[PDB]
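Coming up, as structure tokens: structure 1 and structure 2, two forms of one and the same protein chain.
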Structure 1
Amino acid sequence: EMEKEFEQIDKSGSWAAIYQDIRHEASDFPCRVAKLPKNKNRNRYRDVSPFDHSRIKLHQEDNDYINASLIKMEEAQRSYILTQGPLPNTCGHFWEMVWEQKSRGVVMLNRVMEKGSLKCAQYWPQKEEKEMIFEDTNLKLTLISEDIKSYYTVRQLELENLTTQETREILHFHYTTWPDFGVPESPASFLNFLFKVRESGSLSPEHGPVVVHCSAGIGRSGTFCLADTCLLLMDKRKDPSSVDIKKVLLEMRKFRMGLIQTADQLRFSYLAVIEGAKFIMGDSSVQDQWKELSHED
């Protein structure tokens, strides 16, 4: 029982040893293509790479590499693509992947600059009259509208393949207040945002996997996925309390290394998931409380 485990861990002061244990047991799979010298310019960090077995392959004959991994949750029936924050030369690759995987949504949980340091390129357009063209991938991206909230912004984007001329609506969900190596301000804020992502349709199985990213594509992004996936499980078990969060995280760590970067992010996923279960269980008003508590305005 989740809650029961959570308290025992908390009362026993064991978040760090439980977290170190997860790291110690995570899967070790090769990241050979990501390490090829010619892809060094495609990697934001030297110690963060996609496993060979689950990486996303660009459909270029030229060079199919993108530091991105397909996290496929069989029991939850949900797939996610987790990627680092694109670099100046991978903005086209990033959009080529969104297009090739049929993603309808993009979840960004970092800010372009954090602590004065640069974490991701400005890969989408900031003004509607200033659209972006990715020459290398023959794509055009246009900002269609944006809804700014106090800690997040939802943007409506139009991605066009210039080769075939088809256009697609891409929703972009941007969490602007999640510190690096940190946790959202509260479970309510987190959940209010996640439920926004779920209600947009983006995560539906008739579309490609949603794209999640932060600067490395592992801490913040792992956190968001573990809570989303645990909640889906709690809603399909009907013995919701048997969802074992450590086990779900180790399953996801088989597809991408380092998911969840601090013990505190692990502990927050437990708080988020337990608070989110109120909704699963049947509380028809906890959602409006999260919106109120999140202070969207």
Structure 2
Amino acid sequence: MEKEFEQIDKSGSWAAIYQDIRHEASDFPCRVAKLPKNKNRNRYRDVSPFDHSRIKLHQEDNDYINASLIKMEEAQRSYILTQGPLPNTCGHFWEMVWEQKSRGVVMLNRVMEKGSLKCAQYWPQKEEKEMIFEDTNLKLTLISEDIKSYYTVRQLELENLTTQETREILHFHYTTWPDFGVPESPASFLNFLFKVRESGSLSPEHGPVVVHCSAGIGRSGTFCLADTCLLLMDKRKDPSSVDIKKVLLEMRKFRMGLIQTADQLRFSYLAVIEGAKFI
């Protein structure tokens, strides 16, 4: 992978490789996402979940949420990629976390970036000021918060108000992805991924991890692509047979737009290369 990276870098063909992936990426219908009754549940008109892989809310009237299940068969890893919650979809977001039995939520953006709101403040900021989502009958409480230099980890408690059952959720918040471009080094991003792994949030004893940024495709795609490639390098008899382009195209069968720029594609290669040297 490193020799391939050096060749693409020296030939200046990141844009060409990226455009070939965009050209060959799967094109599946998103009929449910485009229904008029779901207009207020979507953040960007160009980012919708495919019907075949969308997560359904266990709701009789409207089961729609902009979220997709990415199921990586060989790696035995699943992820739910979703948009950053909207002011009216926070209850739906936490209903999905509850119903899917997720242990972790991975957030790759700040609430405000470039002076604009990228997602609703969907979790409580103080222990004593819990949030109640009346539409989905859930209460959410901040249990603890550990602020580090490149990321913050929070323990949240989700309570189903109907039964009074509770579930503990870990919120992994990468707070240092630059407003423009990608990080210069993948070191902090890889340390973040390893901290998510260590928590058990990506493990098969739990529901799939819920990952989002604003659209849930750019930085979200880089997170899952790096994690899956590293797992395959550890599992395979020939780790050099792991082709990041092929893994990305496989992921793109489940949600559109994963990796939004040639810069993110180059960053994903860099994170996999540096991650493999570490592992």
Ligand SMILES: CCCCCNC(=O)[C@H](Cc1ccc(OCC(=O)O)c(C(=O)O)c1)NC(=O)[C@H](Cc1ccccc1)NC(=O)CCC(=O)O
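Counting starts at 1 with the first residue of structure 1 and goes up one by one along its sequence. Only the largest set of C-alpha atoms that superpose within 1.5 Å between the two forms is called the rigid core. Residues that one form lacks are left out of the comparison.
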### Task
Only one of these is the form deposited with the named molecule bound, so let me know which.
1
### Message
Superpose on the core and compare between structures 1 and 2; which one of 100, 146, 180, 158 crosses the 2 Å Cα shift mark?
### Response
180
### Summary
Superposed on rigid core, residue 7 CA travels between structures 1 and 2 a distance in Å of 1.6
### Summary
Shift in angstrom of the residue 238 C-alpha between structures 1 and 2, rigid core held fixed, comes out at 2.8
### Query
Once the rigid core is overlaid, which residue runs, three or more long, move by 2 Å or more at each CA between structures 1 and 2?
179-182
